[PDB]
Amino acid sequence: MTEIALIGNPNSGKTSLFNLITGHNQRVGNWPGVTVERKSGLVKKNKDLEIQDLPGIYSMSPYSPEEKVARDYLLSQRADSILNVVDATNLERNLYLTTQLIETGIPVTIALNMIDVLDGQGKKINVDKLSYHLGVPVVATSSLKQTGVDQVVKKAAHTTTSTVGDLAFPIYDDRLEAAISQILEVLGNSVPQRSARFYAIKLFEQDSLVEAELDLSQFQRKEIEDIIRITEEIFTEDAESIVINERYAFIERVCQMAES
């Protein structure tokens, strides 16, 4: 009755964590007409929770079936919650996907995974600080030591589209935030309220799939074009690089607050 999308970078420990949560309740097939494996399963300790395992990705670009699948699932609102598996030892790179996942509008809970490995390296991540700055709940997890796994699944199960009333998105440079606002005003009700920021940001980036699979009017197209052009002049960069740099700056800022 509650659906949780499990997703993260490759080699973040998604499968290990998935197998510990779901155990001998797994169903393994594939996505329609494509060789990407599709795993699903019910939570051992609560059969009313279903985990939808998604493919491991580094971002939500449109140039591969793995990412196109992850994107299409999250935008459809089939999941009530995102359980984002983050490799704690490679935190800065991992959070690039997280910023995009938070923007989908489905609530994110973070499984800060492989925490035992971080203990063996001498680094320390302040979990409360990390949680306050990303604006999402965070639980430390180890698939090896089997710690914090029931805690993070429980938190995911109670942090859903039904329970979270007011979502806090990552704030970027105010000049980029103006553009996103202007893109939202023009889009109107052409996009769902929940995932609106995702679409606005992706149209700014000039993403092929969103542009090519959205029935906008011609005036809406021309308005967004000017928002993009004008913004590029303010920054003296192309639209794609503006967003990339602003994500990495926000991530850099966050890690410096939480890292040792």
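Note that residue numbering begins at 1 and tracks the sequence as displayed.
- Comparing 168-176 with 75-83, the higher mean C-alpha B-factor in the PDB entry belongs to 168-176.
- For the pair 21-29 and 242-250, the record assigns the higher mean C-alpha temperature factor to 21-29.
- When the C-alpha B-factors of 70, 51, 200, 234 are ranked from the entry, the top spot goes to 234.
- Per-chain ranking of the deposited C-alpha B factor places residue 188 in the highest third.
- Per the deposited record, the Cα B-factor of residue 129 falls in the middle third when ranked against the other modelled residues of its chain.
- In this PDB entry, residue 121 carries a Cα temperature factor that places it within the highest third of its chain's modelled residues.
- In this PDB entry, the Cα temperature factor of residue 56 sits in the bottom third of its chain's modelled residues, the lowest group.
- For residue 152, the recorded CA temperature factor ranks within the middle third of the chain's modelled residues.
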